[PDB]
């Protein structure tokens, strides 16, 4: 169990040394094929570092990305992916 489908996928266990700009660029290049991405959020503060939220336009895209990219080697660490527990503001105010 542990999550119902959502537009946004939560990714963690990311390499904490990658600068924010580069991380976002790589995440975009790797997840682009699944569908349109409305935004990608990454912060390197104490609590959000090592994590990222990739907001997809279509839920189905979130799903295919989650299934296909689970454990994918990224900057030498296998990515961990799950649906976001709640909608991202952009999706909620939409």
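Positions refer to the first chain, counted from 1. Superpose the two forms; the largest set of C-alphas matching within 1.5 Å is the rigid core.
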Checklist outcome for this item: Per-stretch CA RMS vs shown form in 6 other deposited structures of this protein, rigid core as reference, larger of 6 to 14/82 to 90 is 82 to 90
Checklist outcome for this item: Going by the entry, of stretches 1 to 9 and 83 to 91 the one with greater average Cα B-factor is 1 to 9
Checklist entry - Lowest, middle or highest third: where is residue 76 by C-alpha B factor in its chain? => result middle
Next on the checklist: Based on the deposited C-alpha B factors for this chain, I'd like to know if residue 51 is in the lowest, middle or highest third.
Outcome noted: lowest
Next on the checklist: Please place residue 22 in the lowest, middle or highest third of its chain according to the CA B-factor in the PDB entry.
Outcome noted: highest
Next on the checklist: Per the entry's values, where does residue 44 land by CA temperature factor relative to the rest of its chain, in the lowest, middle or highest third?
Outcome noted: middle
Checklist entry - By the record's CA B-factor, is residue 38 among the lowest, middle or highest third of residues in the chain? => result middle
